[PDB]
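Undergrad: Experimental structure and its sequence below.
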Amino acid sequence: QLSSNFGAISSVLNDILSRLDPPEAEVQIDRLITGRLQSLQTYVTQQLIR
Amino acid sequence: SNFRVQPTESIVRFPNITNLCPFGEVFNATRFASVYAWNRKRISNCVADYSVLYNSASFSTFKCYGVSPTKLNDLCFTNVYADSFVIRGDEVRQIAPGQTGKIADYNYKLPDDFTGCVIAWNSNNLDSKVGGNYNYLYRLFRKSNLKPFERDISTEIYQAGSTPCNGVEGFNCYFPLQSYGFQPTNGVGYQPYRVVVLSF
Amino acid sequence: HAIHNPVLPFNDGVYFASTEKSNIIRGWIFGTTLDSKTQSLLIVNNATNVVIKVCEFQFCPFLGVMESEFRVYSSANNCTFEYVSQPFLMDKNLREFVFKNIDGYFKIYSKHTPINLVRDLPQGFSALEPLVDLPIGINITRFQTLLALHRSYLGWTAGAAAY
Ligand SMILES: *[C@@H]1O[C@H](CO)[C@@H](O)[C@H](O)[C@H]1NC(C)=O
Ligand SMILES: *[C@@H]1O[C@H](CO)[C@@H](O)[C@H](O)[C@H]1NC(C)=O
């Protein structure tokens, strides 16, 4: 799941950090954070049920 | 807690070419073509300085879409594209991704995923004659919308009247090519402006 | 298979591939209306280099004994782009070309593999590679393939090239 955009302009943090200033990078970072959080929560719930 | 090993130093490796390639020729230039015959130029095999432009602040508009104008000094690009032409003083807003206007669907339009910068500055002295400048040409009549980065060259007569416009070559069948008028006798917004667009 | 070549509809990408012995088929022409009135593209690759121009050439055919090339074009008037570079072909042998045009950018894939010729088209496995990529920037809707009628000192060569 680490290769999904989730709506951002890319999938690698270092490209965003080397292409833009913080006021524009905040939104992409937020979208990525939300996606990865959702994936982790789903995995944990499945493990408990097993 | 967790433990990591911190770095010791940093290294940088870059190619080994040194040529001050013609950024001057595109900007320092004698005479640009018309809007509907925009010239496309190639920039390659360079060591290009970008902040050197910022030492001469005479451009009214300097906006960039997919990259900040200060991080250009530590990046490597390929296929640097330059487009230069001159338009009226109130079509500068129309030069943007996804706009509605005459030249927006008749002469020029950028895609919706642009990556580059647009620069515009005024020229009302070198490009104006008190008798009126009528050497700048543009299209006003066309039945179709063109795709981005597409050039149209056609001096044919528009089929405009309800009758076949083959023997009707005068009125009721308008020629699609018009020419502007630039004078030092009018105010702002009706004066020529120089535009350069860079694509990465 | 031509024995001693009109237009073929474009607009979905064209896969052109000859595999047999090839020293006859040389070039390709494109355009909206194939004439000297609207923008046209010409590509010539014969034995020494590649010559690419985008202009309104007079389509005057056979190519006898860099060689005699004025047959296809007479004069290039009022045009922008010119290009010359190293040739790609060589002089059994499968050659594959893919014509693409997106946003005005012209792609050309190439792939060459020496084989043994027993079938008109074998069952081999191929993966084409990108070689040349140019900013043509024009509107193309048909295409046509040249067949250079050489002179092997035989009043012309017995053309039997297949594609
Ligand atoms: C453009 O021309 C001016 C004229 O003095 C010159 O000073 C400048 O270096 C040139 N190049 C630019 C502005 O990039
Ligand atoms: C390209 O030319 C063909 C010629 O018939 C025309 O039908 C088509 O609309 C043209 N396309 C563009 C994008 O100009």
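TA: Looks like it came in fine. Numbering: from 1, shown residues only, chains lettered A, B, ... in the order given. Ligands and ions are numbered 1, 2, ... in the order given.
Undergrad: Let me see the contact set for the nearest residue to residue C:21 once chain neighbours are set aside.
TA: Among residues not flanking residue C:21 along the chain, residue C:92 sits closest, at 5.6 Å (Cβ to Cβ, 6 or more residues apart in numbering or on different chains). (Each C-beta comes from the backbone N, C-alpha and C, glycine too.) Applying Cβ atoms under 8 Å, 6 or more residues apart in numbering or on different chains, we find residue C:92 in contact with C:19-21, C:114-117.
Undergrad: repeat that for 10 Å
TA: Residues in contact with residue C:92 (Cβ atoms under 10 Å, 6 or more residues apart in numbering or on different chains) are C:19-22, C:114-118.
Undergrad: From residue C:16, how far out is it?
TA: Distance of residue C:92 to residue C:16, given as Cβ to Cβ, to the nearest Å: 17 Å.
Undergrad: For residue B:138, the count of nearby residues, please.
TA: Residue B:138: 21 surrounding residues under other Cβ atoms under 10 Å in any protein chain shown.
Undergrad: In a strand, it, correct?
TA: Yes - assessed by DSSP: H, G, I helix; E, B strand; the rest coil, residue B:138 belongs to a strand.
Undergrad: That one against residue B:34, yeah?
TA: Yes - with contact defined as Cβ atoms under 10 Å, residue B:138 reaches residue B:34; the gap is 6.8 Å.
Undergrad: who's residue B:121 bridged to?
TA: For residue B:121, the beta-bridge assignment (DSSP bridges) gives partners residue B:194.
Undergrad: and whichever residue of chain A sits closest to chain C, what does it touch?
TA: In chain A, the residue that lies nearest chain C is residue A:9 (19.2 Å; Cβ to the nearest Cβ). Residues near residue A:9 by Cβ under 10 Å, 6+ apart: A:15-16, A:19-20, A:24-25, A:27-28, A:31, B:66, B:113, B:115.
Undergrad: Out of those, name the ones that lie in strands.
TA: Taking DSSP state E, every one of those sits outside strands.
Undergrad: Can you tell me which of these are buried?
TA: A:16, A:19-20, A:25, A:28 (16 or more other Cβ atoms under 10 Å in any protein chain shown).
Undergrad: what are the phi and psi angles of residue B:41?
TA: Phi and psi for residue B:41, reported as degrees, to the nearest 10, are phi -130, psi 150.
Undergrad: What count of nearby residues applies to whichever residue of chain C sits closest to chain A?
TA: Nearest to chain A, among the residues of chain C, is residue C:103, at 19.2 Å (Cβ to the nearest Cβ). By the criterion of other Cβ under 10 Å, residue C:103 has 11 neighbours.
Undergrad: Test my guess that it contacts residue C:137.
TA: Yes - between residue C:103 and residue C:137 there is a contact under Cβ under 10 Å: 9.0 Å.
Undergrad: what residues are shared contacts of the two?
TA: Common neighbours of residue C:103 and residue C:137 (Cβ under 10 Å, 6+ apart) are B:149-150.
Undergrad: out of the contacts of residue A:9, what pair is the most spread apart?
TA: A:31 and B:115 (19.5 Å; Cβ to Cβ).
Undergrad: Now for residue C:131: which residues touch it?
TA: Contacts of residue C:131 (Cβ under 10 Å, 6+ apart): C:88, C:97, C:107-112.
Undergrad: Filter the residues you listed down to the buried ones.
TA: Buried positions within the contacts of residue C:131, assessed by neighbour count (16+ other Cβ under 10 Å), are C:97, C:108-109, C:111.
Undergrad: mind putting these in JSON lines, secondary structure and distance to chain A included?
TA: Listed next are the buried ones among the contacts of residue C:131 as JSON lines, based on DSSP: H, G, I helix; E, B strand; the rest coil; distance: Cβ to the nearest Cβ, whole Å:
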{"residue": "C:97", "secondary structure": "strand", "distance to chain A": "33"}
{"residue": "C:108", "secondary structure": "strand", "distance to chain A": "29"}
{"residue": "C:109", "secondary structure": "strand", "distance to chain A": "26"}
{"residue": "C:111", "secondary structure": "strand", "distance to chain A": "29"}
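Undergrad: just those that are near ligand 1?
TA: Checking the buried ones among the contacts of residue C:131 against ligand 1 by Cβ under 6 Å from any ligand atom, not one of them is in range.
Undergrad: Just give me the closest of those to ligand 1.
TA: Nearest to ligand 1, judged by Cβ to the nearest ligand atom, of the buried ones among the contacts of residue C:131 is residue C:108 at 36.0 Å.
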